[PDB]
Amino acid sequence: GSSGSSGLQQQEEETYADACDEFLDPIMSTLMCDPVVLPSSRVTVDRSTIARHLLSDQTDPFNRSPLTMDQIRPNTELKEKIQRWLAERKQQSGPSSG
């Protein structure tokens, strides 16, 4: 349990204020974990960001043409870049216990 001025989580979860547009979603404006390349609009969007748009109208949010989950492909060229930054960004100054 708690002891004094403690807590599990006080709202919010993350805070990416140092990511380039290449990683940030064009619509969600947030970090992209699974960026999919749209073969229609040629735009990079999260695999989940597109799914929400392919719920009632299976098409592109920009091109507005025939599009589906099978059409969109995973942006490996970008995903590989996110792994390099997400791993490099975690540098910090250096803990100190002693």
# chains A, B, ... in the order shown; residues from 1 in each chain; ligands from 1
$ residues_around --residues "segment 12-21 of chain A" --least-positions-apart "6" --cutoff "12 Å" --atoms "only C-alpha atoms" --output "list in words"
residues 27, 28, 29, 30, 31, 32, 35, 43, 44, 45, 78, 81, 82, 85, 86 and 89 of chain A
$ atom_distance --atom1 "atom CA of residue 80 of chain A" --atom2 "atom CA of residue 36 of chain A"
12.7 Å
$ select_by_dssp --residues "chain A" --states "alpha helix (DSSP H)" --output "list in words"
residues 47, 48, 49, 50, 51, 52, 53, 76, 77, 78, 79, 80, 81, 82, 83, 84, 85, 86, 87 and 88 of chain A
$ residues_around --residues "residue 73 of chain A" --least-positions-apart "4" --cutoff "9 Å" --atoms "only C-alpha atoms" --output "PyMOL selection string"
chain A and resi 35-39+47+69
$ residues_around --residues "residue 61 of chain A" --least-positions-apart "3" --cutoff "12 Å" --atoms "only C-alpha atoms" --output "MDAnalysis selection string"
chainID A and resid 26:27 38 40:45 49:58 64:68
$ write_last_selection --atoms "N, CA, C and O atoms" --output "tab-separated table (two decimals), in the first residue's frame"
chain	number	residue	atom	x	y	z
A	26	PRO	N	0.15	11.85	-38.81
A	26	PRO	CA	-0.36	13.03	-39.52
A	26	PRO	C	-1.74	13.45	-39.03
A	26	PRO	O	-2.11	14.62	-39.14
A	27	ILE	N	-2.50	12.50	-38.50
A	27	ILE	CA	-3.84	12.77	-38.00
A	27	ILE	C	-3.87	12.75	-36.47
A	27	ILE	O	-4.37	13.68	-35.84
A	38	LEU	N	0.26	3.90	-46.99
A	38	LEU	CA	-0.95	3.85	-47.80
A	38	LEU	C	-0.61	3.83	-49.29
A	38	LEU	O	0.03	4.75	-49.79
A	40	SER	N	-2.53	4.32	-51.65
A	40	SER	CA	-3.41	5.25	-52.36
A	40	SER	C	-2.95	6.69	-52.19
A	40	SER	O	-2.54	7.34	-53.15
A	41	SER	N	-3.02	7.18	-50.95
A	41	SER	CA	-2.61	8.55	-50.65
A	41	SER	C	-1.09	8.66	-50.49
A	41	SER	O	-0.55	9.77	-50.47
A	42	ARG	N	-0.42	7.52	-50.38
A	42	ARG	CA	1.03	7.51	-50.21
A	42	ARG	C	1.44	8.21	-48.92
A	42	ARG	O	2.52	8.80	-48.84
A	43	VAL	N	0.57	8.14	-47.92
A	43	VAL	CA	0.84	8.77	-46.63
A	43	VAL	C	1.13	7.73	-45.56
A	43	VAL	O	0.62	6.61	-45.62
A	44	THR	N	1.95	8.10	-44.58
A	44	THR	CA	2.31	7.20	-43.50
A	44	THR	C	1.41	7.42	-42.29
A	44	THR	O	1.40	8.51	-41.70
A	45	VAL	N	0.66	6.39	-41.91
A	45	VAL	CA	-0.24	6.47	-40.77
A	45	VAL	C	-0.19	5.20	-39.93
A	45	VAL	O	0.13	4.12	-40.45
A	49	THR	N	-4.60	3.77	-36.69
A	49	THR	CA	-5.19	5.04	-37.11
A	49	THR	C	-6.02	4.86	-38.38
A	49	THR	O	-7.05	5.51	-38.55
A	50	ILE	N	-5.56	3.98	-39.26
A	50	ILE	CA	-6.25	3.72	-40.51
A	50	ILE	C	-7.46	2.82	-40.29
A	50	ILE	O	-8.49	2.96	-40.95
A	51	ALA	N	-7.33	1.88	-39.35
A	51	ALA	CA	-8.41	0.95	-39.04
A	51	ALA	C	-9.68	1.70	-38.63
A	51	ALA	O	-10.78	1.33	-39.02
A	52	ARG	N	-9.50	2.77	-37.85
A	52	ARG	CA	-10.63	3.57	-37.39
A	52	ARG	C	-11.35	4.21	-38.57
A	52	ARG	O	-12.56	4.43	-38.53
A	53	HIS	N	-10.60	4.52	-39.63
A	53	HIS	CA	-11.17	5.14	-40.82
A	53	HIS	C	-11.77	4.09	-41.74
A	53	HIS	O	-12.64	4.40	-42.56
A	54	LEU	N	-11.32	2.85	-41.61
A	54	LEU	CA	-11.82	1.75	-42.44
A	54	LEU	C	-12.92	0.98	-41.71
A	54	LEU	O	-13.08	-0.23	-41.92
A	55	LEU	N	-13.67	1.67	-40.86
A	55	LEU	CA	-14.75	1.04	-40.11
A	55	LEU	C	-16.07	1.14	-40.87
A	55	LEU	O	-16.73	0.13	-41.12
A	56	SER	N	-16.45	2.36	-41.24
A	56	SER	CA	-17.69	2.59	-41.97
A	56	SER	C	-17.40	2.82	-43.45
A	56	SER	O	-18.17	2.38	-44.32
A	57	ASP	N	-16.31	3.52	-43.74
A	57	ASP	CA	-15.93	3.81	-45.12
A	57	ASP	C	-14.54	3.25	-45.43
A	57	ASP	O	-13.53	3.91	-45.17
A	58	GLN	N	-14.49	2.05	-45.98
A	58	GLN	CA	-13.23	1.41	-46.32
A	58	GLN	C	-12.52	2.16	-47.44
A	58	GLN	O	-12.54	1.74	-48.60
A	64	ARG	N	-9.46	9.24	-50.42
A	64	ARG	CA	-10.88	8.91	-50.42
A	64	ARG	C	-11.20	7.89	-51.51
A	64	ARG	O	-12.26	7.93	-52.13
A	65	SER	N	-10.27	6.96	-51.73
A	65	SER	CA	-10.45	5.92	-52.73
A	65	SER	C	-10.46	4.53	-52.09
A	65	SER	O	-10.25	4.40	-50.88
A	66	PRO	N	-10.71	3.48	-52.88
A	66	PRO	CA	-10.75	2.10	-52.38
A	66	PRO	C	-9.49	1.74	-51.60
A	66	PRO	O	-8.39	1.74	-52.14
A	67	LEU	N	-9.67	1.43	-50.32
A	67	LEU	CA	-8.55	1.06	-49.46
A	67	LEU	C	-9.01	0.14	-48.33
A	67	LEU	O	-10.13	0.27	-47.83
A	68	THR	N	-8.14	-0.79	-47.94
A	68	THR	CA	-8.46	-1.73	-46.88
A	68	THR	C	-7.21	-2.10	-46.08
A	68	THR	O	-6.12	-1.61	-46.37
$ atom_distance --atom1 "atom CA of residue 6 of chain A" --atom2 "atom CA of residue 95 of chain A"
21.5 Å
$ select_by_dssp --residues "chain A" --states "strand (DSSP E)" --output "number ranges by chain"
A: 35-37, 44-46, 73-74
